[PDB]
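Note that we place each Cβ from the backbone using ideal geometry, even for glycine, and neighbour counts take in every protein chain shown. Where a number appears in this text, it was derived from the coordinates with a stated rule and is not lab data.
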Amino acid sequence: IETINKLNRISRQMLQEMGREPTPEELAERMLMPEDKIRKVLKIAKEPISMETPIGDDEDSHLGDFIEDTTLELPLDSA
DNA sequence: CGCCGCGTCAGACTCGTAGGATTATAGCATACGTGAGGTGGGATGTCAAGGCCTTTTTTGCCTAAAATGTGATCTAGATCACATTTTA
């Protein structure tokens, strides 16, 4: 959490300075820690996106309908 | 008794189209456990030569014994130009 705070606060100032966003190269430099941890945390920062959202813009497809289950078996494999 | 206000509750059906989110939240110190790493060590699994038995491959061998050789003495087939001679 603390690492994320420092990141997203510094990215604003880097946005002022550059006029653009920072890269994990430039930001791993500014963040004092190597690119592995940066990239890692960037991979961690994502949330879930709520199956009951309407990916059909019309009330046709709540996202859960789209989802496949690849867990059970296929009858051809059984045979 | 008979309004009136407020609130509850349905609004056809099968296909297709697209990807998709966002704000800001302090900071460092203590101390404890769990994940990724070492590490000898039973124990399991493998691979190359040897002793029990039967079968198989050579291989003795065992005697019936029928077969393989000895060669001078024959024999019953086999020929060819001429002289007819028969048959369709």
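Between A:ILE4 and A:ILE67, what is the FRET efficiency for a Förster distance of 25 Å, r being their Cβ-Cβ separation, to the nearest 0.05? Provide the component values of the computation, followed by the final result.
Numbers: r = 29 Å, r/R0 = 1.17.
So, using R0 = 25 Å, E works out to roughly 0.30.
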Subject >> Cα-based equivalent ellipsoid, chain A: semi-axes from gyration tensor eigenvalues, Å >> reply: 41, 20, 11
Subject >> Inter-site label distance for A:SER78 and A:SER50 at 7 Å from Cα along Cβ, in nm >> reply: 3.9
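For chain A, what is the calculated [θ] at 222 nm in deg cm²/dmol (nearest 500), taking -39500 (n - 2.57) for each run of four or more DSSP H residues and dividing by its residue count?
On the way: 4 runs with 38 residues, N = 79.
Dividing the helical sum by the residues of chain A leaves -14000 deg cm²/dmol.
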**OP:** Mind listing the long-range amide H neighbours of A:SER61? Cut-off is under 5 Å, sequence gap 5 or more, other chains count too, H placed in the peptide plane at 1.01 Å from N.
**Re:** A:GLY56
Original post:
Got a sec to turn the phi values of segment A:69-78 into Karplus ³J(HN,Hα) couplings, 6.51 cos²θ - 1.76 cosθ + 1.60 with θ = phi - 60°, whole Hz, x for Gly and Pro?
Top reply: 10, 10, 9, 8, 4, 10, x, 4, 5, 4
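Give me the number: length gained by fully extending A:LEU42 to A:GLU29, i.e. 0.36 nm times residue separation minus the C-alpha to C-alpha distance, one decimal in nm.
Contour length minus the Cα-Cα distance gives 3.1 nm.
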Original post:
How large is ³J(HN,Hα) for each residue in segment A:52-62, as worked out from phi by the Karplus curve 6.51 cos²θ - 1.76 cosθ + 1.60 (θ = phi - 60°), to whole Hz, x for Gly and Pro?
Top reply: 7, 6, x, 5, x, 4, 7, 6, 10, 9, 7
